[PDB]
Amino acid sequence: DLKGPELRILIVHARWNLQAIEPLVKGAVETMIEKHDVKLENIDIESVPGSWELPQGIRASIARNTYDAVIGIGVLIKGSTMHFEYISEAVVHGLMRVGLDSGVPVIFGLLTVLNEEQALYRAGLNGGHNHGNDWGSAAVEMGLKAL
């Protein structure tokens, strides 16, 4: 129902755990193109080492160019230490801030799971639904509502 051919979307994704990132980035892109008439040349895809750099990657990017919506994609898996918990907390509050500070919609495409299986399942593998598809429509809608 929502078409956004004049929309410029930015996708910033971490590179840790690419087995799950790719399906997500891919689904987010295809859904916007095939279902929302977004033009491929209007979709910038940038990356950062890990999820911690996510907020900063987005902030730096929406300062140089102009986008209508941004999607932050990353995957965090609980480890042996308290790392997962603290990073997850920081990046989440961070993304929310970068969005409220700039006035640019920031779609939350961060997965915070207990194990690899859970991440892949939410990436569309092994019978699960690909959450990247949802983030794509979300970005399109927020972009339009922001004009």
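The first residue of the shown sequence is 1; numbering continues from there.
Annotation for 1-9 versus 138-146: the higher mean temperature factor (C-alpha) is found in 1-9. Relative to its counterpart among 115-123 and 26-34, 26-34 has the higher mean temperature factor, C-alpha atoms as listed in the PDB entry.
Within the selection 87, 104, 60, 95, the deposited Cα B-factor values reach their highest point at 60. Annotation for 70, 40, 100, 48: 40 ranks highest, by Cα B-factor.
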